[PDB]
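Chemist:
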Amino acid sequence: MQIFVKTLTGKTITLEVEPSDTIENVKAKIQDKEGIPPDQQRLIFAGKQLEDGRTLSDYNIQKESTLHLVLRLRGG
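Heads up, my numbering is the position in the sequence shown plus 440, with the first residue counted as 1.
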């Protein structure tokens with residue numbers, strides 16, 4: 441039961457999520473590490489916008505399915 445996330449930063453940052461988890465919890469996990477609102481980030485899969493509030497189980501997400509995490513690294 442593994443999934444895979446690829447951040448726009450290129451750096452390999454991996455996570456462990458269950459089939460019963462919702463992407464809403466997953467986005468929050470990363471946003472918490474950065475202390476930013478989720479409005480500042482977006483997710484895209486199979487050329488479509490990953491809509492907030494869906495589940496891996498509902499969208500039939502398979503193992504090792506890539507998630508493209510796009511956000512703005514607070515710094516500068």
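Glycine included, C-beta positions come from ideal geometry on N, C-alpha and C.
Expressed to the nearest angstrom, what Euclidean distance is found between the alpha-carbon atoms of residue 457 and residue 516?
Modeler: Computed Cα separation, rounded: 31 angstroms.
Chemist: Which two residues bound the contiguous alpha helix (DSSP H) that contains residue 473?
Modeler: 463-474 is the span of the alpha helix (DSSP H), which, as asked, contains residue 473.
Chemist: For a cutoff of 8 angstroms on Cβ pairs, would you count residue 465 as touching chain D?
Modeler: Note that chain D does not occur in the displayed structure, where there is just one protein chain.
Chemist: Helix, strand or coil for residue 502, going by three-state DSSP, please let me know.
Modeler: Coil, per DSSP.
Chemist: Which of helix, strand or coil does DSSP assign to residue 480?
Modeler: Here residue 480 sits in helix by DSSP.
Chemist: Quick check on DSSP: helix, strand or coil for residue 451?
Modeler: Reduced to three states, the DSSP call for residue 451 is coil.
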